[PDB]
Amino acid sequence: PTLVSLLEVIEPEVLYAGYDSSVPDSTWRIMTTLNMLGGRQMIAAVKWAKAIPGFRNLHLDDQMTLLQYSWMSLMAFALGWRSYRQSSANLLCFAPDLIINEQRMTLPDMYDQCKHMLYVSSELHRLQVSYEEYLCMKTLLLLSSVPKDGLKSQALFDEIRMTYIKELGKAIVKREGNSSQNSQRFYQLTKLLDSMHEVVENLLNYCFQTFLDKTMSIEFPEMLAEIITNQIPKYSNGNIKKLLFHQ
């Protein structure tokens, strides 16, 4: 079986937010429900990562490191995909029972975080990203940052990452374009991958502030609280090497 077909079969099942639409909306209420949904997505993302060919061959500490750095890029990228697929409009499709429509983005302080996520779906739509390109790109987001002193299994990681870079190349060629159009596409898709670092830095700035300010009463489930508690000191100590395809 092809490598991208193995990435396809491990795609997580649909998760519902459990949002009661018969109760009026509020930013605090939506942010709370989405944090709960986010924790459930990250639990499913662990099960997803363990099934990615090569991932379980890395040292256990490296597996933890990669899921802890990439959490937000995985969630924003998968969200961008659902939004791009479910609507050719400015909607954020977090869950089938919780879509951030035009009315919900008028809610106080909603747009601030939403604009970063809208950029992801806007870019996938502008570039007309395929299902196969998307799967290769999502795996590459899991492998997009390492500690400043590298991983325990750095050599094996470099081999795995290069393998999925080639898989993105193979997915691109399938679009039946010429050699010049394929080089432009590879450039464009790897440029979008690079820009996810900036998207995530903006999402994390807001998210870290919200997590630390206990007076806001914004709840995070155990899975997200544990990732954030791990990540805040790592960013504070400059302990992160963001991998880029372009300078």
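We number the residues from 1 along the sequence you see.
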(request) Averaging only over Cα atoms, indicate whether 204-212 or 178-186 has the higher B-factor in the PDB entry. (result) 178-186
(request) Would you determine, from the values in the PDB entry, which of 30-38 and 187-195 has the greater average C-alpha temperature factor? (result) 187-195
(request) Can you pull the Cα B-factors for 105, 72, 140, 79 from the entry and say which is highest? (result) 105
(message) I'd like to know which of 95, 89, 136, 146 has the highest C-alpha temperature factor in the PDB entry.
(response) 89
(request) Would you please rank residue 65 by its C-alpha temperature factor against the other modelled residues of its chain and give the third it falls in: lowest, middle or highest? (result) lowest
(message) How does the C-alpha B factor of residue 22 compare with the rest of the chain: lowest, middle or highest third?
(response) highest
(request) Name the third of the chain's ranked CA B-factors that contains residue 14, choosing lowest, middle or highest. (result) highest
(request) Would you mind checking where the Cα B-factor of residue 4 ranks among the modelled residues of its chain, as the lowest, middle or highest third? (result) middle
